Every structure is written in C-alpha cells, then in structure tokens.
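Both counts, for ligands and for their atoms, begin at 1 and track the order of listing. For the single chain, residues carry numbers from 1 onward in sequence order. Side-chain atoms are counted along with the backbone in the values below, which use heavy atoms only and exclude waters and symmetry mates.
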Amino acid sequence: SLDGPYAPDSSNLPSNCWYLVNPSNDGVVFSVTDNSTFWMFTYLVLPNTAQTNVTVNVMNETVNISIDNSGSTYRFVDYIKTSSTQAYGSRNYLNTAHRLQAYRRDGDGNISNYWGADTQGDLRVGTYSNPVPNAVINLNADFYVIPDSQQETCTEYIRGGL
Ligand SMILES: CC(=O)N[C@H]1[C@H](O[C@H]2[C@@H](O)[C@@H](CO)O[C@@H](O[C@H]3[C@H](O)[C@@H](O)[C@H](O)O[C@@H]3CO)[C@@H]2O)O[C@H](CO)[C@@H](O[C@@H]2O[C@H](CO)[C@H](O)[C@H](O)[C@H]2O)[C@@H]1O
C-alpha cells in the first residue's frame, strides 16, 4: 500500500508524485541541478547544533555552508544558488521531530517540498520558482513514492511519521 522503501537513487524522476525521504543520518538528503540555472540541496541538521561551518560534497562540487539548529527538533534546510560562481544560501526549511521530508517536481519542472517552523499550524507545501524539468534528482535516503492524488496522506506522514 505504501510504495517503498526504495534505496537511495539518482534519476530524472517523473513529475507530480511525491518522493518521501526517510534518512537515518544527517547531512545532504536531496539534491538537484540543471548545471545552468538552479542548484538545490537539503541538509538535515541534528537538534541542538551550534552554528558551524561544514564542508559538503554535492553535485560534483565541494562547498562550505553555515548550519545551525539550536532547537530541539530536526531541521531539513534547503540551500540554493542560481549561478555556478555564486555561494549557496539557505532558503526554506522544515523543523520536525521526524526524519521525513518530501519532494515533488511539477509539470513545469519546479521543485516543491514541505516548509515550516513546525509541522502543525506553520506547515505548508512550498514551491521554488526555478524550473529544472529534465534534471537528475538525487534522493540520498530510503524513500517512498506517493501519487499527487494522495498528497494529504503524504502530509500526514510529514506530521506524524510513517
Ligand atoms: C515562496 C517562498 O520561498 N517563501 C519564503 C519567503 O521567500 C521570499 C524571500 O526569500 C524574499 C527575500 O527578500 O524574496 C522573495 O522572492 C521575491 C524575489 O526576491 C523578488 O526579486 C521577486 O521580484 O519577487 C519574489 C516574490 O517571491 C521570496 O518569495 O521567505 C520567507 C522568509 O523571509 C519564508 O518564510 C519562512 O519560512 C520558514 C520555513 O521555510 C518558516 O515558516 C518561517 O517562519 C518563515 O518566516 C517563505 O517560506
């Protein structure tokens, strides 16, 4: 009934379905680039992490990013740049007690994932206006596949675990 788990995989993934990742380790859990206009990855930050600069290998480069999570939950933090020469900067994030985040690429190639300072009242599905329709997506965790028609089921997992 729940479709998965699938081992970590990199692929030009189909659109309009949700890829729900369930990492057991911190660090990069998701990445995508078209090598031209958009570079995105999500870094899982452990609770009670003092601000630190850490080195990350992602999308054939090695970059330094600042991470921080003084709070008591996990933080899935998105890092994005839109030029090769530009530094990655954190954008949206998900503060959550569960190691679950989900991604969708829509018909125009835009990435959606769950954003929120909490997984209750603040939770929302966000979309980045940066189309990468044919890009390889790296899911660096065991993951599940949920049809767009069952998005509320995905939302329930994001809030409450598998
Ligand atoms: C859609 C989105 O990503 N919303 C974010 C929100 O993003 C906005 C922010 O980055 C501003 C920075 O000045 O830029 C906005 O984009 C504009 C372009 O910069 C501009 O050139 C263009 O002409 O118009 C664009 C309109 O979008 C961008 O949308 O940033 C806020 C934080 O400031 C996010 O809210 C925070 O989200 C976290 C979870 O990720 C928590 O929920 C926080 O409580 C909340 O403040 C918002 O999700």
Side-chain angles (χ1 to χ4, degrees), residues 13 15-54 56 58-59 61 63-141 143-144 146 148 151-162:
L13 293 174
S15 304
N16 298 329
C17 58
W18 286 97
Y19 302 98
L20 175 71
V21 295
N22 188 23
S24 56
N25 297 131
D26 69 348
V28 176
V29 67
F30 165 93
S31 60
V32 59
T33 182
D34 67 349
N35 298 116
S36 292
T37 66
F38 187 61
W39 291 251
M40 173 183 173
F41 67 92
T42 302
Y43 191 106
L44 177 56
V45 190
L46 301 177
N48 307 122
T49 301
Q51 179 276 328
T52 326
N53 291 292
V54 295
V56 171
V58 60
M59 294 173 281
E61 295 183 298
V63 294
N64 174 90
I65 56 169
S66 177
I67 65 173
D68 68 278
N69 179 14
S70 70
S72 54
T73 56
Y74 291 99
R75 296 188 71 217
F76 288 90
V77 186
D78 298 337
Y79 290 81
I80 284 172
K81 66 181 183 177
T82 52
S83 315
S84 56
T85 57
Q86 170 194 347
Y88 283 97
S90 65
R91 293 279 285 276
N92 294 107
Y93 49 86
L94 178 66
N95 300 341
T96 170
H98 296 93
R99 291 169 295 175
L100 292 170
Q101 171 60 292
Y103 301 87
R104 177 189 62 197
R105 182 161 60 187
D106 65 20
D108 288 317
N110 302 296
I111 301 300
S112 293
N113 58 311
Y114 284 74
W115 303 342
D118 60 57
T119 55
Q120 289 170 27
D122 200 48
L123 186 63
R124 61 212 181 263
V125 173
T127 306
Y128 290 104
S129 294
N130 301 91
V132 285
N134 304 313
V136 170
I137 293 174
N138 184 328
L139 302 178
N140 190 27
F143 67 94
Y144 302 82
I146 298 172
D148 210 20
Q151 171 176 335
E152 294 171 340
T153 296
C154 188
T155 298
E156 295 175 356
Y157 290 139
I158 294 291
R159 299 192 198 267
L162 299 179

Stepwise side-chain contact (heavy atoms from CB on, under 4.5 Å) test for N138 and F30: CA-CA 6 Å; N138 184 328; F30 165 93; over 6 Å; no
Non-hydrogen atom of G126 closer than 4.0 Å to ligand 1: no
Looking only at protein heavy atoms, which one is nearest to [atom], and what is the separation?
| atom | answer |
| --- | --- |
| atom 39 (C) of ligand 1 | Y93 O, 3.3 Å |
| atom 10 (O) of ligand 1 | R91 NE, 4.6 Å |
| atom 47 (C) of ligand 1 | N92 ND2, 3.3 Å |
| atom 1 (C) of ligand 1 | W115 CZ3, 3.7 Å |

Output yes when a protein non-hydrogen atom is found under 4.0 Å of [atom], and no otherwise.
| atom | value |
| --- | --- |
| atom 31 (C) of ligand 1 | no |
| atom 37 (O) of ligand 1 | yes |
| atom 17 (C) of ligand 1 | no |
| atom 5 (C) of ligand 1 | yes |
| atom 28 (C) of ligand 1 | no |
| atom 23 (O) of ligand 1 | no |
| atom 34 (C) of ligand 1 | yes |

From the candidates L123, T127, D122, the one that places a heavy atom nearest atom 42 (O) of ligand 1: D122
Pairwise distance CZ(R159) to CG(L100) - rounded to 0.5 angstrom: 13.5 Å
Full working for side-chain contact (heavy atoms from CB on, under 4.5 Å) between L123 and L94: CA-CA 8 Å; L123 186 63; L94 178 66; 3.6 Å; yes
What side-chain donor-acceptor pairs closer than 3.5 Å can you find for residues 39-49, not counting sequence neighbours?
unit_1	atom_1	unit_2	atom_2	d
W39	NE1	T33	OG1	3.2
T42	OG1	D78	OD1	2.7
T42	OG1	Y103	OH	2.6
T49	OG1	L46	O	2.7

Test of ring centre spacing under 6.0 Å for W18 and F143: no
Within the 6.0 Å centroid threshold, strictly below: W115 and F76: no
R124-ligand 1 polar pair, N/O distance under 3.5 Å: yes
Minimal non-hydrogen separation, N130 against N110, with atom names: N-OD1, 3.1 Å
Which atom of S90 lies closest to which atom of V77, heavy atoms considered: CB-CG1, 3.9 Å
Neighbour count above 12 (heavy atom, 6.0 Å) for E152 CD: no
Residues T119, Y114; criterion side-chain hydrogen bond (donor to acceptor under 3.5 Å, both in side chains); working and verdict: CA-CA 9 Å; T119 55; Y114 284 74; over 6 Å; no
Enumerated ligand 1 atoms positioned under 4.0 Å from heavy atoms of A117: 41 (C), 42 (O)
